[PDB]
Amino acid sequence: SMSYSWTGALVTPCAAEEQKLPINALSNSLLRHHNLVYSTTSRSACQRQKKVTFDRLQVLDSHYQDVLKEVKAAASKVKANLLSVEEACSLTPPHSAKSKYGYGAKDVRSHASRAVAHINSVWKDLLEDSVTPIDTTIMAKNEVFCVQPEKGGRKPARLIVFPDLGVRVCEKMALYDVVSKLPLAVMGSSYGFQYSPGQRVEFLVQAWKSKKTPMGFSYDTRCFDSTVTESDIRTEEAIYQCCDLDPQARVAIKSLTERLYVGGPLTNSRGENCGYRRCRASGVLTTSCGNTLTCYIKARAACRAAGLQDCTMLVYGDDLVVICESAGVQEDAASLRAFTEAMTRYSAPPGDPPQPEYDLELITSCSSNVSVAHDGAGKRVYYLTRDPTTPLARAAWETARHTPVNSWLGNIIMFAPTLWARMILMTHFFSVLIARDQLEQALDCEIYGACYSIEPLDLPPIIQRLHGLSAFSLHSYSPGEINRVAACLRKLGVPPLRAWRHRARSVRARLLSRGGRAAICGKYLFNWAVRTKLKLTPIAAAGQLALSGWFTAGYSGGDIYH
Ligand SMILES: CNC(=O)c1c(-c2ccc(F)cc2)oc2cc(N(Cc3ccc(B(O)O)c(F)c3)S(C)(=O)=O)c(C3CC3)cc12
């Protein structure tokens, strides 16, 4: 069937939508080529609608069925509980889209009578009705990028589809424990979200070394969400139902599948009927879990049809990396084309055809890649990095305008060992916080989709736990990585690294003079900025922190707060 059917009504905005990066002195100090930086808006929604709309032809085979059997078998070891209303309410972010029924995120979070009354009635309705399609809102995501004329200039906005706040709370009640436990049990080491960035690196490196002659590739499915069929969404439900579940949970899961997940009507911000969805909803709790499962199932089956030898897979939502034993150059190319063919039959053809890579560093997934630096003692250290353009463009925007969720903090945490994060992002934001007297205030940032409340002053212990002490001592980065950062700076009109070094020394000093946690920031985060180096020893605070939930519970679709 058609992934979507449209009425003609436009995807409409809620409030004013700034297109171009605002001129602000502090954002300008990071990035000056403001004309290159843009936010996607509802104005480009039609362009996206065209791309995401198509017929799905799906043909399953014995390899697929074999794999699905394995998955259902593994899922049967999982025991998931219902969350209570109160528990589900606290997993709601404060910034979450308000209900159409006279309450918002703040009210959910403080268990207000009108919110709980509606949530209970929505729950009752899920148990009583299993067929009536549930209403959803369609919105155009406002995301920031840098323009690329070479690649056809401005990207069209992504479409986010979500049900009302009340339903989203009920989703947590029914499924949060399932989406938290199931993927890991089913996929084991292939489940991407379990890994901290440091662990992810170690996993990729060992997988690479475990082959006599390694070959790797990434597979990018064109419009993964549109490729997910009704039957894929029902297969997911069948898999959820393999777990040991509460009776009410089973009813609610089945209702949410048939009334919400498989499809339903799309309403714009002005209440107009936009059309109907028959594919994955971007803004539901199960999006991340479901996409990972379906991708994994299709990929694992496709590996077999492709005749790939000794396959190690890493799956994060629609992001797939496979590392395997090479059969020869021509043999590998051949098997990769057969892989693509299998995936296509499974309804998930590529955006760009996958290419074999015989060097680990060349594999790009989730827009990241492995690279090499050296630690204090000159030992080789691997770490995850990425092209800094988008992180920098967003960082500038987020300086110019207050955004409820702050991606820059996420990037500092996620890419802490990197040259660009340490020298530019850290220096910049610590100088901005100092300038605005916001150094002690907690911020909301997203990590692997989940929304977190993080104090900037806790950055050092967080980094140590996620990346190790070496993250504060890396030097002698690779020439490729330096060149990529350099090229990014030129393109965006960001000051050069040495300029940042000077600034970082000043920031460091200001931080050290405040004592306490701020001193530790100055000491550990900016040790690179001075020749006369302080001794970096393990931080006590890191030990006295529990960071486990960080690499278990994250769903981009999910509206999750920790
Ligand atoms: C299947 N691919 C992988 O699982 C990952 C590879 C990869 C790279 C090369 C290779 F050969 C194989 C795999 O790199 C990764 C780096 C990240 N990080 C950043 C990051 C990147 C994008 C998003 B997002 O817009 O969805 C995000 F939320 C975070 S992070 C913090 O550093 O670990 C992640 C995190 C969980 C999403 C996954 C992978």
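Worth a mention:
- Cα gyration tensor, the range 152-262 - rounded (a/c under 1.5), prolate or oblate: oblate
- Order of 419, 184 - criterion: other Cβ atoms within 10 Å of each residue's Cβ, fewest first: 184, 419
- Straight-line cross-link partners of residue 181 among the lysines, defined as a Cα under 18 Å from its Cα and at least 8 positions apart when in the same chain: 72, 77, 79, 172.
- Rg and Dmax of the range 222-269, based on Cα coordinates, read 12.6, 39 Å.
- The range 1-115 - Rg over Rh from alpha carbon coordinates, Kirkwood radius: 1.12
- Shape class for the range 493-562: oblate, because the ratio a/c of the largest to smallest gyration tensor axis (alpha-carbon atoms, square roots of eigenvalues) is 1.5 or more and b/c is at least a/b.
- The range 351-399 and the range 494-562: distance between their alpha carbon centers, rounded to Å: 20
- Dimensionless Rg/Rh of the range 26-93 - Kirkwood Rh, Rg from C-alpha atoms: 1.24
- Across the range 179-273, the mean sequence separation of Cα contacts (distance under 8 Å, 6 or more residues apart), normalised by length, yields a relative contact order of 21 percent.
- Pairs of alpha carbons in the range 295-354 whose separation is greater than 15 Å (percent): 44
- Packing-based exposure ordering (other Cβ within 10 Å, fewest first) of 21, 497: 497, 21
- Here 284, 71 are placed in order of increasing Cβ neighbour count within 10 Å, fewest first, which gives 71, 284.
- Each distinct pair of alpha carbons in the chain adds a 1/r term; the inverse of their mean, the Kirkwood radius, is 24.8 Å.
- Value of Rg to Rh for the range 332-392, rounded to two decimals, is 1.14; Kirkwood radius and Rg both from alpha-carbon coordinates.
- Gyration tensor (alpha-carbon) shape descriptor, the range 367-562, a/c threshold 1.5: rounded
- Pairwise centroid distance, computed over Cα atoms, of the range 59-115 with the range 136-209, Å: 14
- Debye log10 I(q)/I(0) at q = 0.10, 0.14, 0.17, 0.20 Å⁻¹ for the range 226-363, Cα point scatterers: -0.44, -0.75, -0.95, -1.15
- Compactness ratio for the range 448-514: Cα radius of gyration over 2.2 N^0.38 Å (N = residue count) comes to 1.40.
Using ideal geometry, Cβ is built from the backbone for each residue, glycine included, and neighbour counts are taken over all protein chains shown. Quick note: the coordinates plus some simple rules give every number you see, no bench work behind them.
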